[PDB]
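Below, in structure tokens: the form deposited in one PDB entry, a single chain.
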């Protein structure tokens, strides 16, 4: 069925499924639609025999330079996507709800790439975007497909961040604290302002684009202090670096960060250590430092994240596209050919 966003009991039943699923993702929560307020939300689900939700897909529809919308279910759907017959059923529900308004329904679930799962999806009529568009770099897909994820379940007895690391890394983590960096956290306007100062400074320094403060205020308003937390690193009252982490499903995800110019006294490492500490204190399975471009010492995103993640990066299946208007799909999407 399609979710009636005006019926709070239905909405609460859908949220409860999302929040409790092992496949839950913050970008599939209905609060993500509040963040992405320039997109239109359409959400669908399937039920088992007893009427319980068993699978759910939160879509956001975006404008394009054609008469069709782009429908996108970021890191969804919420179910086991390798159960391709069940995926088809949920997708058919999504397609009915879209009602011919979109040219594509794209979803990019955090499930590993394999040849067998790629070929299955393609057998089932989806167009996939992964290794065939890899030469175009990290932005070949909307979300990075290579991600640095720390599996905390390999350290069932770890009590503190340093328990996860070899002595050479323990040294790197201890350094900012020894040098007087202190980290506070919370989810108020005060921490948001400290984050935004460091975020806009970093964006200017790197020459990259950046989102307006209202994006993060809508995120703060949507997510409570047990789900969203901003960590702020200072030394003797001087602001140095910050990061925002979201706890949802099986992971705490380091999503946004900023740092001031010049010497930051390794404050970004102190922010990582505290986010990791949050994941341990809440018995969370995974800590996700998110994307990189390549598993290479030429990639500065990988050099930083490999301090914390010694395993290989996860490589996901990438974008799975249910093509609905093939003429518009061919105009707007390139297959890496």
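Positions refer to the first chain, counted from 1. Between two forms, the rigid core is defined as the largest C-alpha subset superposing within 1.5 Å.
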query: Given 193-201 and 70-78, the range whose Cα B-factors average higher in the PDB entry; finding: 193-201
query: Stretch with the higher entry mean CA B-factor, where the candidates are 307-315 and 53-61; finding: 307-315
query: Residue of maximum C-alpha B factor among 172, 145, 129, 89, per deposited coordinates; finding: 172
query: Candidate residues 106, 154, 247, 218, the one whose C-alpha B factor the record puts highest; finding: 154
query: Third of chain Cα B-factors occupied by residue 182; finding: middle
query: Third assignment of residue 274 from its chain's C-alpha B-factors; finding: middle
query: Assigned third (lowest, middle, highest) for the C-alpha B factor of residue 227; finding: middle
query: Third assignment of residue 28 from its chain's C-alpha B-factors; finding: lowest
query: Modelled-residue ranking by C-alpha temperature factor, third containing residue 214; finding: lowest
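Same protein, other form: the form deposited in another entry, not shown, and the subject of what follows.
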| query | finding |
| --- | --- |
| Residue among 159, 154, 168, 139 whose Cα moves 2 Å or more between the shown form and the other one, once the rigid core is superposed | 139 |
| Direction of Cα pair change residue 306-residue 137 in the other entry, magnitude 3 angstroms or more | farther |
| Cα-Cα shift for residue 328 and residue 138, closer or farther in the other entry, minimum 3 Å | closer |
